[PDB]
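Structure file input.cif (mmCIF, C-alpha atoms and all ligand atoms) is printed below.
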```cif
data_structure
#
loop_
_atom_site.label_atom_id
_atom_site.label_comp_id
_atom_site.auth_asym_id
_atom_site.auth_seq_id
_atom_site.Cartn_x
_atom_site.Cartn_y
_atom_site.Cartn_z
CA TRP Z 23 60.68 -61.95 69.52
CA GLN Z 24 57.95 -60.61 71.79
CA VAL Z 25 60.40 -59.87 74.61
CA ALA Z 26 63.01 -58.24 72.36
CA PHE Z 27 60.39 -56.05 70.64
CA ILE Z 28 59.58 -54.18 73.86
CA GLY Z 29 63.16 -54.07 75.13
CA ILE Z 30 64.55 -52.40 72.02
CA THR Z 31 61.99 -49.58 72.15
CA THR Z 32 62.59 -48.68 75.80
CA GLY Z 33 66.37 -49.07 75.59
CA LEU Z 34 66.71 -46.37 72.95
CA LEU Z 35 63.95 -44.30 74.58
CA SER Z 36 65.79 -44.35 77.91
CA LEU Z 37 68.89 -43.03 76.13
CA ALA Z 38 66.84 -40.12 74.78
CA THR Z 39 65.53 -39.48 78.30
CA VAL Z 40 68.91 -39.29 80.02
CA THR Z 41 70.87 -37.63 77.19
CA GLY Z 42 68.44 -34.72 77.09
CA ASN Z 43 68.36 -34.67 80.88
CA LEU Z 44 72.17 -34.59 81.08
CA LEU Z 45 72.46 -32.04 78.27
CA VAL Z 46 70.08 -29.51 79.83
CA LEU Z 47 71.52 -29.74 83.36
CA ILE Z 48 75.06 -29.03 82.18
CA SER Z 49 73.64 -26.30 79.93
CA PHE Z 50 72.66 -24.30 83.02
CA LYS Z 51 76.31 -24.21 84.10
CA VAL Z 52 77.49 -23.67 80.50
CA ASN Z 53 75.37 -20.61 79.68
CA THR Z 54 74.66 -18.32 82.63
CA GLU Z 55 71.36 -17.23 81.06
CA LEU Z 56 69.24 -20.32 81.82
CA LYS Z 57 69.29 -19.82 85.61
CA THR Z 58 66.30 -17.45 85.64
CA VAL Z 59 63.14 -18.09 87.66
CA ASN Z 60 61.12 -19.23 84.64
CA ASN Z 61 63.83 -21.72 83.64
CA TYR Z 62 64.75 -22.64 87.23
CA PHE Z 63 61.60 -24.73 87.55
CA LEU Z 64 62.59 -26.52 84.35
CA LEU Z 65 65.89 -27.36 86.07
CA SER Z 66 64.03 -29.18 88.86
CA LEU Z 67 61.82 -30.86 86.25
CA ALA Z 68 64.94 -32.00 84.39
CA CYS Z 69 66.53 -33.37 87.57
CA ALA Z 70 63.33 -35.30 88.31
CA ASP Z 71 63.12 -36.70 84.78
CA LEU Z 72 66.81 -37.63 84.89
CA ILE Z 73 66.19 -39.56 88.11
CA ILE Z 74 63.16 -41.41 86.72
CA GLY Z 75 64.86 -42.11 83.40
CA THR Z 76 68.12 -43.38 84.85
CA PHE Z 77 66.73 -45.39 87.76
CA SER Z 78 63.02 -45.90 87.01
CA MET Z 79 62.33 -46.54 83.32
CA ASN Z 80 65.28 -48.90 82.83
CA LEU Z 81 64.52 -50.90 85.96
CA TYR Z 82 60.80 -50.83 85.14
CA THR Z 83 61.29 -52.41 81.72
CA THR Z 84 63.90 -54.80 83.13
CA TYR Z 85 61.28 -55.98 85.63
CA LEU Z 86 58.62 -56.10 82.90
CA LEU Z 87 60.65 -58.32 80.55
CA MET Z 88 63.03 -60.17 82.90
CA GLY Z 89 60.52 -60.97 85.62
CA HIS Z 90 63.42 -62.20 87.71
CA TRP Z 91 63.43 -58.94 89.68
CA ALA Z 92 60.13 -59.61 91.44
CA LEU Z 93 60.94 -60.10 95.14
CA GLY Z 94 64.61 -60.43 94.23
CA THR Z 95 65.83 -56.83 94.04
CA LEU Z 96 66.31 -55.02 97.35
CA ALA Z 97 67.19 -51.76 95.56
CA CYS Z 98 63.52 -51.50 94.57
CA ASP Z 99 62.92 -49.36 97.66
CA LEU Z 100 65.50 -46.83 96.46
CA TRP Z 101 64.24 -47.07 92.88
CA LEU Z 102 60.67 -46.23 93.87
CA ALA Z 103 61.80 -43.60 96.36
CA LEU Z 104 63.46 -41.83 93.44
CA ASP Z 105 60.46 -42.65 91.22
CA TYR Z 106 57.77 -41.17 93.45
CA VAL Z 107 59.95 -38.29 94.65
CA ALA Z 108 60.74 -37.20 91.10
CA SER Z 109 57.17 -37.77 89.87
CA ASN Z 110 55.73 -35.72 92.74
CA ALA Z 111 58.40 -33.03 92.36
CA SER Z 112 57.33 -32.81 88.72
CA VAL Z 113 53.61 -32.66 89.60
CA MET Z 114 54.23 -30.08 92.33
CA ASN Z 115 56.53 -28.18 89.98
CA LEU Z 116 53.79 -28.19 87.33
CA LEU Z 117 51.28 -26.79 89.82
CA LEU Z 118 53.94 -24.37 91.09
CA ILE Z 119 54.53 -23.04 87.57
CA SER Z 120 50.75 -22.84 87.18
CA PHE Z 121 50.33 -20.86 90.40
CA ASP Z 122 53.37 -18.70 89.62
CA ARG Z 123 51.96 -17.75 86.20
CA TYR Z 124 48.46 -17.22 87.61
CA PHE Z 125 49.89 -14.87 90.23
CA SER Z 126 52.09 -13.26 87.57
CA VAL Z 127 49.02 -12.61 85.40
CA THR Z 128 46.57 -11.54 88.16
CA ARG Z 129 48.97 -10.16 90.81
CA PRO Z 130 51.77 -9.24 88.42
CA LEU Z 131 53.13 -6.39 90.53
CA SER Z 132 53.09 -7.95 93.98
CA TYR Z 133 55.01 -10.77 92.27
CA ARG Z 134 57.28 -8.37 90.35
CA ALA Z 135 59.55 -7.92 93.39
CA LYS Z 136 58.60 -11.27 94.93
CA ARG Z 137 59.85 -13.51 92.07
CA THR Z 138 63.62 -13.06 91.77
CA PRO Z 139 66.41 -15.57 91.02
CA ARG Z 140 66.98 -15.95 94.78
CA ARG Z 141 63.37 -16.57 95.90
CA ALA Z 142 63.17 -19.19 93.14
CA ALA Z 143 65.77 -21.20 95.07
CA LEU Z 144 63.57 -21.09 98.18
CA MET Z 145 60.34 -21.92 96.29
CA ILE Z 146 61.93 -24.83 94.41
CA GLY Z 147 63.56 -26.11 97.59
CA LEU Z 148 60.24 -25.94 99.44
CA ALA Z 149 58.54 -27.87 96.63
CA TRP Z 150 61.30 -30.50 96.55
CA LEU Z 151 61.31 -30.84 100.34
CA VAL Z 152 57.52 -31.21 100.38
CA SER Z 153 57.81 -33.99 97.80
CA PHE Z 154 60.60 -35.52 99.88
CA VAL Z 155 58.72 -35.60 103.19
CA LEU Z 156 55.75 -36.95 101.24
CA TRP Z 157 57.58 -39.84 99.56
CA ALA Z 158 61.25 -40.48 100.33
CA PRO Z 159 60.84 -40.90 104.11
CA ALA Z 160 57.58 -42.73 103.38
CA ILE Z 161 58.54 -44.94 100.42
CA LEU Z 162 61.73 -46.01 102.20
CA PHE Z 163 60.96 -46.17 105.92
CA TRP Z 164 57.28 -47.19 105.82
CA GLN Z 165 58.37 -50.84 106.00
CA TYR Z 166 60.04 -50.25 109.36
CA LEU Z 167 56.71 -48.82 110.48
CA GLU Z 170 57.64 -55.24 108.52
CA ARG Z 171 61.38 -54.57 108.27
CA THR Z 172 61.86 -55.95 104.73
CA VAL Z 173 60.07 -54.54 101.71
CA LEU Z 174 56.56 -55.56 102.75
CA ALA Z 175 55.63 -58.22 100.18
CA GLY Z 176 57.16 -55.92 97.59
CA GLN Z 177 58.14 -57.49 94.28
CA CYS Z 178 59.08 -54.03 93.05
CA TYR Z 179 56.03 -51.99 94.07
CA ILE Z 180 55.42 -49.57 96.96
CA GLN Z 181 54.17 -50.88 100.31
CA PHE Z 182 51.59 -48.28 101.35
CA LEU Z 183 49.83 -47.99 97.98
CA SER Z 184 47.65 -51.05 98.72
CA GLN Z 185 43.99 -50.02 99.04
CA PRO Z 186 41.32 -48.92 96.53
CA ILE Z 187 40.52 -45.87 98.68
CA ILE Z 188 44.21 -45.01 99.21
CA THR Z 189 44.96 -45.43 95.50
CA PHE Z 190 41.95 -43.26 94.61
CA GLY Z 191 43.05 -40.64 97.13
CA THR Z 192 46.56 -40.53 95.69
CA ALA Z 193 45.08 -40.36 92.19
CA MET Z 194 43.01 -37.34 93.20
CA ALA Z 195 45.53 -35.49 95.38
CA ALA Z 196 48.34 -36.02 92.83
CA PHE Z 197 46.66 -36.16 89.41
CA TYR Z 198 42.92 -35.57 89.78
CA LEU Z 199 42.80 -32.73 92.29
CA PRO Z 200 45.96 -31.04 90.91
CA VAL Z 201 44.86 -31.51 87.30
CA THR Z 202 41.46 -29.96 88.07
CA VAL Z 203 43.23 -27.19 90.00
CA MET Z 204 45.60 -26.43 87.14
CA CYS Z 205 42.66 -26.64 84.75
CA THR Z 206 40.81 -24.11 86.92
CA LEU Z 207 43.74 -21.69 86.81
CA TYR Z 208 43.94 -22.39 83.07
CA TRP Z 209 40.23 -21.57 82.84
CA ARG Z 210 40.88 -18.31 84.67
CA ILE Z 211 44.03 -17.40 82.74
CA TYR Z 212 42.59 -18.39 79.35
CA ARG Z 213 39.30 -16.56 79.87
CA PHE Z 214 41.23 -13.61 81.35
CA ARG Z 215 43.63 -13.28 78.41
CA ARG Z 216 40.65 -13.93 76.12
CA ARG Z 217 38.68 -11.08 77.69
CA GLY Z 218 41.74 -8.89 77.25
CA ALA Z 219 42.29 -9.92 73.63
CA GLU Z 220 38.63 -9.78 72.57
CA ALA Z 221 38.23 -6.39 74.25
CA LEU Z 222 41.42 -5.01 72.68
CA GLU Z 223 40.24 -6.36 69.31
CA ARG Z 224 36.71 -4.93 69.51
CA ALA Z 225 38.55 -1.74 70.45
CA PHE Z 226 40.54 -2.10 67.21
CA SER Z 227 37.95 -3.76 64.94
CA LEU Z 228 35.13 -1.45 66.10
CA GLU Z 229 35.34 2.30 66.67
CA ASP Z 230 31.69 2.98 67.62
CA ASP Z 231 31.25 0.58 70.57
CA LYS Z 232 31.81 2.41 73.86
CA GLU Z 233 30.79 -0.79 75.67
CA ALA Z 234 33.83 -2.63 74.28
CA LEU Z 235 36.06 0.15 75.65
CA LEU Z 236 34.37 -0.28 79.04
CA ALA Z 237 35.02 -4.02 78.77
CA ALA Z 238 38.69 -3.37 77.97
CA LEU Z 239 39.02 -1.06 80.97
CA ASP Z 240 37.32 -3.67 83.16
CA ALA Z 241 39.78 -6.29 81.89
CA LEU Z 242 42.71 -3.98 82.67
CA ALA Z 243 41.30 -3.35 86.15
CA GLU Z 244 40.99 -7.11 86.67
CA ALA Z 245 44.65 -7.24 85.62
CA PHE Z 246 45.95 -4.19 87.51
CA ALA Z 247 44.04 -4.70 90.75
CA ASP Z 248 46.99 -4.74 93.18
CA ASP Z 249 47.78 -1.04 92.84
CA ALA Z 250 45.66 1.60 94.50
CA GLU Z 251 46.90 4.16 91.97
CA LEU Z 252 46.46 2.08 88.81
CA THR Z 253 43.11 0.56 89.82
CA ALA Z 254 41.86 4.00 90.87
CA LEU Z 255 42.98 5.46 87.53
CA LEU Z 256 41.24 2.71 85.55
CA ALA Z 257 38.03 3.00 87.58
CA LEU Z 258 38.02 6.79 87.21
CA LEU Z 259 38.58 6.53 83.46
CA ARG Z 260 35.72 4.02 83.18
CA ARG Z 261 33.34 6.17 85.26
CA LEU Z 262 34.33 9.27 83.28
CA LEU Z 263 32.62 7.87 80.18
CA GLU Z 264 30.11 5.50 81.81
CA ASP Z 271 33.26 16.79 89.65
CA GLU Z 272 36.45 15.27 91.07
CA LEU Z 273 38.36 14.95 87.78
CA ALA Z 274 41.24 16.92 89.32
CA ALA Z 275 42.37 13.83 91.25
CA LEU Z 276 42.40 11.90 87.96
CA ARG Z 277 45.57 13.68 86.85
CA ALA Z 278 47.10 12.97 90.27
CA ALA Z 279 46.85 9.24 89.52
CA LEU Z 280 48.17 9.87 86.00
CA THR Z 281 51.14 11.91 87.30
CA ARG Z 282 52.11 9.30 89.92
CA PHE Z 283 54.48 7.42 87.58
CA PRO Z 284 55.46 10.12 85.07
CA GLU Z 285 58.27 9.05 82.74
CA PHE Z 286 56.62 9.91 79.43
CA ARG Z 287 53.15 10.59 80.91
CA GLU Z 288 53.28 14.18 79.66
CA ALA Z 289 51.40 13.08 76.53
CA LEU Z 290 48.89 11.14 78.66
CA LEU Z 291 47.45 14.40 80.00
CA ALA Z 292 47.18 15.82 76.48
CA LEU Z 293 45.41 12.69 75.23
CA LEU Z 294 43.08 12.74 78.24
CA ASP Z 295 42.20 16.38 77.55
CA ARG Z 296 41.63 15.66 73.85
CA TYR Z 297 39.40 12.66 74.63
CA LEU Z 298 37.47 14.25 77.52
CA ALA Z 299 36.95 17.80 76.22
CA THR Z 300 35.42 16.77 72.88
CA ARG Z 301 32.95 14.17 74.23
CA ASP Z 302 34.91 11.62 72.26
CA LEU Z 303 33.44 8.24 71.33
CA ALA Z 304 36.55 6.73 69.71
CA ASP Z 305 39.45 8.89 70.95
CA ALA Z 306 38.89 7.18 74.29
CA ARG Z 307 40.06 3.99 72.56
CA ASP Z 308 43.23 5.84 71.56
CA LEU Z 309 43.61 6.99 75.17
CA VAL Z 310 43.19 3.42 76.44
CA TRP Z 311 45.74 2.10 73.94
CA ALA Z 312 48.23 4.85 74.81
CA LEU Z 313 47.77 3.97 78.49
CA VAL Z 314 48.41 0.29 77.70
CA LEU Z 315 51.56 1.19 75.75
CA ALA Z 316 52.81 3.46 78.54
CA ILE Z 317 52.12 0.73 81.10
CA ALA Z 318 53.95 -1.81 78.92
CA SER Z 319 56.98 0.50 78.60
CA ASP Z 320 57.64 0.18 82.34
CA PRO Z 321 60.20 -2.06 84.08
CA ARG Z 322 57.55 -3.36 86.51
CA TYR Z 323 54.43 -3.68 84.33
CA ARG Z 324 56.03 -5.40 81.32
CA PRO Z 325 55.22 -9.04 82.30
CA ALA Z 326 51.75 -7.93 83.41
CA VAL Z 327 50.69 -6.79 79.94
CA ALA Z 328 52.91 -9.36 78.20
CA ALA Z 329 50.89 -12.20 79.75
CA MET Z 330 47.66 -10.73 78.33
CA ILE Z 331 49.24 -10.13 74.89
CA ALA Z 332 50.20 -13.80 74.68
CA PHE Z 333 46.98 -15.52 73.56
CA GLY Z 334 45.20 -13.21 71.11
CA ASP Z 335 48.37 -11.56 69.78
CA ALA Z 336 48.11 -13.05 66.28
CA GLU Z 337 47.19 -9.86 64.43
CA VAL Z 338 44.80 -7.69 66.46
CA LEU Z 339 47.00 -6.77 69.42
CA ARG Z 340 50.05 -5.89 67.31
CA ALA Z 341 47.95 -3.36 65.40
CA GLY Z 342 46.36 -2.14 68.62
CA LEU Z 343 49.70 -1.46 70.31
CA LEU Z 344 51.05 0.14 67.13
CA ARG Z 345 48.04 2.49 67.01
CA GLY Z 346 48.48 3.26 70.71
CA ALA Z 347 52.15 4.11 70.17
CA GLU Z 348 51.21 6.25 67.17
CA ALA Z 349 48.69 8.12 69.35
CA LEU Z 350 51.03 8.41 72.35
CA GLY Z 351 53.68 9.99 70.12
CA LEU Z 352 56.80 8.45 71.69
CA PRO Z 353 59.89 9.28 69.55
CA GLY Z 354 61.04 5.71 69.03
CA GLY Z 355 57.89 3.87 70.04
CA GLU Z 356 58.31 1.36 67.22
CA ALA Z 357 61.33 -0.18 68.96
CA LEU Z 358 59.42 -0.22 72.26
CA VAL Z 359 56.52 -2.04 70.59
CA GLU Z 360 58.94 -4.50 68.98
CA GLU Z 361 60.53 -5.24 72.36
CA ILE Z 362 57.09 -5.55 73.98
CA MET Z 363 55.97 -8.08 71.38
CA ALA Z 364 59.29 -9.89 71.78
CA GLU Z 365 58.45 -10.28 75.47
CA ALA Z 366 54.93 -11.30 74.42
CA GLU Z 367 56.33 -13.97 72.09
CA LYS Z 368 58.53 -15.20 74.94
CA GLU Z 369 55.38 -15.42 77.08
CA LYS Z 370 53.63 -17.25 74.23
CA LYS Z 371 56.48 -19.75 74.02
CA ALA Z 372 56.39 -20.24 77.80
CA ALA Z 373 52.62 -20.73 77.75
CA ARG Z 374 52.88 -23.18 74.84
CA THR Z 375 55.58 -25.09 76.74
CA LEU Z 376 53.32 -25.20 79.80
CA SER Z 377 50.42 -26.40 77.64
CA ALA Z 378 52.61 -29.05 75.99
CA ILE Z 379 53.86 -30.40 79.32
CA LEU Z 380 50.34 -30.29 80.77
CA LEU Z 381 48.86 -32.08 77.75
CA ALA Z 382 51.60 -34.73 77.76
CA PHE Z 383 51.02 -35.13 81.51
CA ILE Z 384 47.27 -35.50 80.91
CA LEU Z 385 47.75 -37.71 77.82
CA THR Z 386 50.14 -40.04 79.64
CA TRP Z 387 48.82 -40.05 83.21
CA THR Z 388 45.11 -39.94 82.40
CA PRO Z 389 44.89 -43.57 81.12
CA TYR Z 390 46.41 -44.88 84.35
CA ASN Z 391 44.20 -42.45 86.26
CA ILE Z 392 41.09 -43.31 84.24
CA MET Z 393 41.69 -47.00 84.93
CA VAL Z 394 42.21 -46.12 88.61
CA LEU Z 395 38.78 -44.46 88.65
CA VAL Z 396 37.17 -47.53 87.08
CA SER Z 397 39.26 -49.71 89.42
CA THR Z 398 36.64 -48.94 92.08
CA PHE Z 399 33.64 -48.90 89.68
CA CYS Z 400 33.37 -52.52 88.51
CA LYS Z 401 37.07 -53.21 89.20
CA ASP Z 402 37.27 -56.02 86.61
CA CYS Z 403 37.06 -53.59 83.70
CA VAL Z 404 40.53 -53.51 82.10
CA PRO Z 405 43.12 -56.25 81.49
CA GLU Z 406 46.74 -56.36 82.62
CA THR Z 407 48.17 -55.32 79.25
CA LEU Z 408 46.21 -52.05 79.20
CA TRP Z 409 47.40 -51.33 82.75
CA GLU Z 410 51.02 -51.93 81.73
CA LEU Z 411 50.60 -49.69 78.68
CA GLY Z 412 49.24 -46.92 80.90
CA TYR Z 413 51.99 -47.30 83.50
CA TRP Z 414 54.70 -47.19 80.82
CA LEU Z 415 52.97 -44.22 79.17
CA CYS Z 416 53.26 -42.36 82.47
CA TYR Z 417 57.04 -42.70 82.14
CA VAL Z 418 56.90 -41.50 78.52
CA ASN Z 419 56.21 -38.01 79.90
CA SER Z 420 59.84 -37.96 81.04
CA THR Z 421 61.05 -38.57 77.48
CA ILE Z 422 58.98 -35.72 76.03
CA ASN Z 423 60.00 -33.23 78.73
CA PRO Z 424 63.48 -32.35 77.34
CA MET Z 425 61.97 -32.32 73.85
CA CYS Z 426 59.36 -29.82 75.07
CA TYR Z 427 62.08 -27.31 75.98
CA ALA Z 428 64.10 -27.90 72.80
CA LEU Z 429 61.22 -27.25 70.39
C1 LIG T 1 53.67 -44.67 89.81
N1 LIG T 1 54.38 -43.92 88.74
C2 LIG T 1 53.80 -44.13 87.41
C3 LIG T 1 54.86 -43.22 86.66
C4 LIG T 1 55.28 -42.15 87.67
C5 LIG T 1 54.42 -42.47 88.97
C6 LIG T 1 53.07 -41.85 89.12
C7 LIG T 1 51.90 -42.39 88.07
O1 LIG T 1 50.79 -42.65 88.80
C8 LIG T 1 50.12 -41.46 89.41
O2 LIG T 1 49.63 -40.62 88.71
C9 LIG T 1 50.07 -41.29 90.99
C10 LIG T 1 48.64 -40.79 91.47
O3 LIG T 1 47.76 -41.87 91.35
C11 LIG T 1 51.22 -40.38 91.49
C12 LIG T 1 52.08 -40.83 92.42
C13 LIG T 1 53.14 -40.01 92.88
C14 LIG T 1 53.31 -38.73 92.35
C15 LIG T 1 52.41 -38.25 91.36
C16 LIG T 1 51.39 -39.05 90.93
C17 LIG T 1 52.31 -43.79 87.34
#
```
Show me this structure written as structure tokens.
Amino acid sequence: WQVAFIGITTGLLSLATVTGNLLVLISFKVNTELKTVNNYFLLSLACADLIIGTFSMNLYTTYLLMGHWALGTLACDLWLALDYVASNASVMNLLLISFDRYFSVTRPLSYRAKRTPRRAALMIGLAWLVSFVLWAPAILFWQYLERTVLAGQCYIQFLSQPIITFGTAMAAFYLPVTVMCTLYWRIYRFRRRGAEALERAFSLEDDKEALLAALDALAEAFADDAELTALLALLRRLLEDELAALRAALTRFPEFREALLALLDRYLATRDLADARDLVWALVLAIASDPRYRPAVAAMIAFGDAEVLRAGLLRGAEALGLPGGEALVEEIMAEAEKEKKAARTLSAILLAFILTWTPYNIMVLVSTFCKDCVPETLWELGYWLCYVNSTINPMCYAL
């Protein structure tokens, strides 16, 4: 009764883990569209979750119910090598996606030509090899450093100390989760500055300070370029001489920038207080309609793009005058919705990670502060919950 209740739940759950893992991996070779950099990291995540669903969850619950595996299975070393290697290659892949999106939102042009489907192979391989040299040599050959599995019923030999366990908890969950949460602070507040500025520039037409804030947000976005940052700074200082060089920065990437000069003249020869907002929006639209700047703006039009930014970009296109700008705006917001889906997927995986690893982590923190604080059943629930993250991961992509 009690034994069969647990076993049924994790037997069907393991099937959902590996079926989704097997389906997505063969889907990369089925459709040649899911090999891109953004989805390449998901491939490594899927391989890791496949490993820890095939060889870690099943054996974990088999140990938990049929306690006949304690100190009786010599494949436990391989099982935990795969376990820790896949778990760490999922943690490092989560932080690698976090750093990749932070550098694609704050350095989106240095990373434009530095994030291709061939450098993804190198980045993913470096992450996987780092996880390997961390765990697989260690988890396996630490015993040789006690030839048998050192007193190991199923567990890992070198994770036996409160300080060592706390250090792993920090450097794998704690420190990475705070790091990711810091880049999420930066990215969320950055996209929020962009969205609030571009909304006060659309919901208010008499606030020249909101326009300055929008230009400052764009400069914080487009800081890699000398030309673009110089143009934004000059446009901010124009309203907040050497204005001849201003058109040199405007005519440095002229594809449809002919109307940019006309808008600049109209907004700087009439001492405009609101036509500068139209100029800023036309500049944003022109930047968006570029093969290199599209992800840069698309990242910032991910968060606040409910209603305000669609209207803002539409007004900018209507002021720019592009013959066919509606299709360009539709494509730009399609890219923005793709960025929104990617960000929501990142948030879902991060929240599942934090909602399934925290409990174990929290109990690890209190395992050095009055150690006798939680019973064995709560610990087992937390440890199994950590594996539940693998089950959700294919479902995160599918939704
Ligand atoms: C031990 N298993 C269960 C399920 C997967 C793995 C990790 C979870 O435990 C942790 O979070 C540690 C850090 O303390 C850790 C160790 C290796 C890599 C990343 C993170 C619990």
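One distance worth recording is that between atom CA of residue Z:336 and atom CA of residue Z:259, which is 27.7 Å.
Taking atom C17 of ligand LIG 1 (chain T) and atom CA of residue Z:161 as the two end points, the separation is 14.5 Å.
Counting all atoms listed in the file, the residue from Z:53, Z:67, Z:80, Z:105 that sits nearest to residue Z:427 is Z:67.
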| Residue contacts of stretch 56-65 of chain Z (10 Å, all atoms listed in the file) excluding same-chain residues fewer than 2 positions away, as an NGL selection string | :Z and (43 or 46-47 or 49-54 or 67-71 or 112 or 115-116 or 118-119 or 122-123 or 137-143 or 145-146 or 372 or 423-424 or 427)
| Test item: residues lying within 9 Å of ligand LIG 1 (chain T) with all atoms listed in the file, as a VMD selection string | chain Z and resid 74 78 to 79 102 105 to 114 153 157 179 to 180 189 to 198 386 to 388 390 to 391 394 412 to 419
Grab the residues selected above and save them as a PDB file, keeping the file's coordinate frame with C-alpha atoms.
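After the write, selection-v4.pdb holds the following:
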```pdb
ATOM      1  CA  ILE Z  74      63.160 -41.410  86.720  1.00  0.00           C
ATOM      2  CA  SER Z  78      63.020 -45.900  87.010  1.00  0.00           C
ATOM      3  CA  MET Z  79      62.330 -46.540  83.320  1.00  0.00           C
ATOM      4  CA  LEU Z 102      60.670 -46.230  93.870  1.00  0.00           C
ATOM      5  CA  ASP Z 105      60.460 -42.650  91.220  1.00  0.00           C
ATOM      6  CA  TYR Z 106      57.770 -41.170  93.450  1.00  0.00           C
ATOM      7  CA  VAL Z 107      59.950 -38.290  94.650  1.00  0.00           C
ATOM      8  CA  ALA Z 108      60.740 -37.200  91.100  1.00  0.00           C
ATOM      9  CA  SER Z 109      57.170 -37.770  89.870  1.00  0.00           C
ATOM     10  CA  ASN Z 110      55.730 -35.720  92.740  1.00  0.00           C
ATOM     11  CA  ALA Z 111      58.400 -33.030  92.360  1.00  0.00           C
ATOM     12  CA  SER Z 112      57.330 -32.810  88.720  1.00  0.00           C
ATOM     13  CA  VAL Z 113      53.610 -32.660  89.600  1.00  0.00           C
ATOM     14  CA  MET Z 114      54.230 -30.080  92.330  1.00  0.00           C
ATOM     15  CA  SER Z 153      57.810 -33.990  97.800  1.00  0.00           C
ATOM     16  CA  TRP Z 157      57.580 -39.840  99.560  1.00  0.00           C
ATOM     17  CA  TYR Z 179      56.030 -51.990  94.070  1.00  0.00           C
ATOM     18  CA  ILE Z 180      55.420 -49.570  96.960  1.00  0.00           C
ATOM     19  CA  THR Z 189      44.960 -45.430  95.500  1.00  0.00           C
ATOM     20  CA  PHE Z 190      41.950 -43.260  94.610  1.00  0.00           C
ATOM     21  CA  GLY Z 191      43.050 -40.640  97.130  1.00  0.00           C
ATOM     22  CA  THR Z 192      46.560 -40.530  95.690  1.00  0.00           C
ATOM     23  CA  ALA Z 193      45.080 -40.360  92.190  1.00  0.00           C
ATOM     24  CA  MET Z 194      43.010 -37.340  93.200  1.00  0.00           C
ATOM     25  CA  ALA Z 195      45.530 -35.490  95.380  1.00  0.00           C
ATOM     26  CA  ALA Z 196      48.340 -36.020  92.830  1.00  0.00           C
ATOM     27  CA  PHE Z 197      46.660 -36.160  89.410  1.00  0.00           C
ATOM     28  CA  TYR Z 198      42.920 -35.570  89.780  1.00  0.00           C
ATOM     29  CA  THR Z 386      50.140 -40.040  79.640  1.00  0.00           C
ATOM     30  CA  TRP Z 387      48.820 -40.050  83.210  1.00  0.00           C
ATOM     31  CA  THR Z 388      45.110 -39.940  82.400  1.00  0.00           C
ATOM     32  CA  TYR Z 390      46.410 -44.880  84.350  1.00  0.00           C
ATOM     33  CA  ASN Z 391      44.200 -42.450  86.260  1.00  0.00           C
ATOM     34  CA  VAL Z 394      42.210 -46.120  88.610  1.00  0.00           C
ATOM     35  CA  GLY Z 412      49.240 -46.920  80.900  1.00  0.00           C
ATOM     36  CA  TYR Z 413      51.990 -47.300  83.500  1.00  0.00           C
ATOM     37  CA  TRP Z 414      54.700 -47.190  80.820  1.00  0.00           C
ATOM     38  CA  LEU Z 415      52.970 -44.220  79.170  1.00  0.00           C
ATOM     39  CA  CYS Z 416      53.260 -42.360  82.470  1.00  0.00           C
ATOM     40  CA  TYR Z 417      57.040 -42.700  82.140  1.00  0.00           C
ATOM     41  CA  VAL Z 418      56.900 -41.500  78.520  1.00  0.00           C
ATOM     42  CA  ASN Z 419      56.210 -38.010  79.900  1.00  0.00           C
TER      43      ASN Z 419
END
```
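Minimum atom-to-atom distance to residue Z:313, evaluated using all atoms listed in the file, belongs to Z:239 out of Z:398, Z:362, Z:368, Z:239.
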| query | To one decimal place, how far is atom CA of residue Z:408 from atom CA of residue Z:204 in Å? | reply | 26.8 Å
May I have a table of the residues of stretch 361-389 of chain Z lying at most 12 Å from stretch 349-357 of chain Z, giving each one's closest pair of atoms and their distance in Å to one decimal, counting only C-alpha atoms, ordered by chain and ascending residue number, as CSV?
```
residue,atom,partner,partner_atom,distance
Z:361,CA,Z:357,CA,6.1
Z:362,CA,Z:357,CA,8.5
Z:363,CA,Z:357,CA,9.8
Z:364,CA,Z:357,CA,10.3
```
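Close contacts of residue Z:376, defined as residues with an atom at most 9 Å away when counting all atoms listed in the file, with chain neighbours fewer than 2 positions off set aside, comprise residues 116, 119, 120, 371, 372, 373, 374, 378, 379, 380, 381 and 426 of chain Z.
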| said: Using only C-alpha atoms, can you tell me which of Z:103, Z:291, Z:162, Z:148 comes closest to residue Z:279? | reply: Z:291
Residues within 8 Å of residue Z:366, all atoms listed in the file, excluding chain neighbours under 3 positions, as a compact mmCIF listing (two decimals) with C-alpha atoms, keeping the file's coordinate frame:
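The new file part-v2.txt reads:
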```txt
# COMPACT_ATOMS: atom_id res chain seq x y z
CA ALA Z 328 52.91 -9.36 78.20
CA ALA Z 329 50.89 -12.20 79.75
CA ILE Z 331 49.24 -10.13 74.89
CA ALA Z 332 50.20 -13.80 74.68
CA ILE Z 362 57.09 -5.55 73.98
CA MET Z 363 55.97 -8.08 71.38
CA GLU Z 369 55.38 -15.42 77.08
CA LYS Z 370 53.63 -17.25 74.23
```
| said: I'd like to know which of Z:275, Z:242, Z:262, Z:298 is closest to residue Z:326, using all atoms listed in the file. | reply: Z:242
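If all atoms listed in the file are the atoms counted, then among Z:287, Z:211, Z:310, Z:323 the closest residue to residue Z:249 is Z:323.
Minimum atom-to-atom distances from Z:220, Z:44, Z:83, Z:96 to residue Z:30 were compared using only C-alpha atoms, and the lowest value belongs to Z:83.
Within a radius of 12 Å around (66.1, -55.9, 95.2), the polymer residues are residues 81, 85, 90, 91, 92, 93, 94, 95, 96, 97, 98, 99, 100, 101, 102, 172, 173, 175, 176, 177, 178 and 179 of chain Z, counting only C-alpha atoms.
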